[PDB]
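Just the one chain here, the form deposited in one PDB entry, laid out as structure tokens.
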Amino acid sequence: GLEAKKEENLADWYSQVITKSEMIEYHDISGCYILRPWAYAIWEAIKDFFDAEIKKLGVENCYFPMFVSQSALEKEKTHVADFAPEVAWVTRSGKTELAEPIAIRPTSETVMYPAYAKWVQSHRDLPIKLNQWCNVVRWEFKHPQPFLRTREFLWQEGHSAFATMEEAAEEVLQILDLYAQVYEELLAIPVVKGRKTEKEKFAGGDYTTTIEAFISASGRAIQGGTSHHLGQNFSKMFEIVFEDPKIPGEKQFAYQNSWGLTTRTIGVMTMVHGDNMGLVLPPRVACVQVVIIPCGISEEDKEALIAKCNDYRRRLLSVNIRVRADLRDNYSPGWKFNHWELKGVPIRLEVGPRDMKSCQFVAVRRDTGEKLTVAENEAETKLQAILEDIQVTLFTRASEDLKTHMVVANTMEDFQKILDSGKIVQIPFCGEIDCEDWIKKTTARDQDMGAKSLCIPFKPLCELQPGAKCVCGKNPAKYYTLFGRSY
């Protein structure tokens, strides 16, 4: 069984859960982890959804090189200098030094935007809407954590270029809403949509929109996905331009966006829904939604029981429920109950001889442990209903927790008190970078780490009163901003 308790040592519980659910295997290189099928399948579910949705918006998939030349990486002001010591450099092939070192992509702006500049020769060439599913590398020496913060990770990065600001601004919010759908509708995780402050936005962009999630077990928030409006900053840098004949003597620089989402998704799912029995899969992304286990197991009664289990399997498959029949003779029914509970399968379907003879079975929900006796004839109906109820239940519980842990404060003193209780706080804020630094410094100083901004919510809990001051007291508030201790 799982013996680590989530409320006692969270980091050990997390390591136990991700390994005993067979999601993660550790590699011999720090910050690099093997995604076993149980975790990879969740990424595949997210991919299926998001891929279909961006195709509806006109985005097409592609694959750009993993390697960036020294010249291309350092040619334009695409990234702040603090990232320099975290680029992984290939310097030799076999035993002999390369003429010029080449970098592993940490993101693909510097490989994609020179090609965009080649491809945009007139108005007709826009828009360009490309996505790629790929791995990136950011070689930090801070402590890594499986799924949440790693050196190599899988993601998707979309990059779009448009003739007008309005088309681009529309896409930014559409993509952000798809990310919120990934978290809320697939993973049953509530998120807060907002704009990053000036300090936390992508430096080279116009503005950054974000979704923020809350991990109550650690009292910390974490960014779930991001959608940037780059404006014309990168088009001016890379000369992504066209000319209108109706406007002679003027360049038209493309308006650009970029957006990304990673396997961090899975880690947040694990941290939010996981419990002291192990992983808990939302039915929308569970590789296996129902596991059928023969229990209470004569020598032809046994064959009848096995055939009944396969009857349920085929009926469920027939109604698009993802189902596995664990018919292993080697393992005890208790062993199987435990194995699939650790893996978070939403429903265990128990079939024993007595129930078979009485044309019934037992369904056990993973989230609550509730057991239900179901008539055989209702199998497809009831189980679908139960799966839907599990999904809602998970979201509802997580939403309640966010509601208790995200609150309004209008003074530094109240903010400090609430923050130190392990919650995130919406405060009136002047938006200035220096003030944000001061908030981090003084909440660190006065705690009894510093708070960072998470986002400026699009829909704050309260509306800023006229003349309301920032918590710094010195400048008027520009907006309610969500702050907390962060991942």
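Residue numbers run from 1 along the displayed sequence. Under this definition, the rigid core comprises the largest set of C-alpha atoms superposing within 1.5 Å between the forms.
In at least one third of the other PDB entries compared, is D448 left unmodelled?
-> Yes, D448 lacks coordinates in at least a third of the other compared entries that model both of its neighbours.
Deposited but uncoordinated residues in the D448/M449 interval = Unresolved stretch here: 4 to 9 residues.
Size class of the missing deposited segment between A304 and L305 = Unmodelled stretch: none, continuous chain.
Taking only the CA atoms, which stretch has the higher mean B-factor in the record, 89-97 or 109-117?
-> Mean B over CA atoms: larger for 89-97.
Which of the two stretches, 239-247 or 327-335, shows the higher mean Cα temperature factor in the record?
-> Taking the mean B-factor of the alpha carbons in each, 327-335 is higher.
Of the residues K193, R314, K371, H229, the one carrying the largest Cα B-factor as recorded = Answer, based on the entry's C-alpha B-factors: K371.
Among the candidates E152, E212, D177, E299, give the one with the maximum CA B-factor reported in the record.
-> When the deposited C-alpha B-factors of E152, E212, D177, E299 are compared, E299 is largest.
Position of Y255 among the chain's modelled residues by C-alpha B-factor, lowest, middle or highest third = Middle third - that is where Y255 ends up once the chain's C-alpha B-factors are sorted.
What third of the chain, by the recorded C-alpha B-factor, contains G352?
-> Answer is highest: the recorded C-alpha B-factor places it there.
Could you tell me which third, lowest, middle or highest, the C-alpha B-factor of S21 occupies within its chain?
-> Lowest third of the chain for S21's C-alpha B-factor.
Which third of the chain does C309 land in by C-alpha B-factor: lowest, middle or highest?
-> Its C-alpha B-factor, which the entry lists for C309, ranks in the highest third among residues of this chain.
Chain-wide C-alpha B factor ranking for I46, given as lowest, middle or highest third | For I46, the deposited C-alpha B-factor lands in the lowest third.
There is another form of this protein, the form deposited in another entry, and it is not shown here; the text below is about that form.
Which of these moves by 2 angstroms or more at the C-alpha between this form and the one not shown, core superposed: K236, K417, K371, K77?
-> Among the listed residues, the one whose C-alpha moves by 2 Å or more is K77.
Flag for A88, CA shift 2 Å or larger between this form and the one not shown after aligning core = Indeed, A88 is displaced by 2 Å or more.
Did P101 shift 2 Å or more between this form and the one not shown, C-alpha, core superposed | Shift at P101: 2 Å or more after core fit.
Large Cα move at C455 between this form and the one not shown, threshold 2 Å, rigid core | No, the C-alpha moves less than 2 Å.
Given a change of 3 Å or more, say if the Cα atoms of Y113 and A72 sit closer or farther in the other entry than in this form.
-> Relative to the shown form, the pair is farther apart.
With a C-alpha distance change of 3 Å or more, do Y207 and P85 lie closer or farther in the other entry?
-> Here the pair is farther apart than in the other entry; there, closer.
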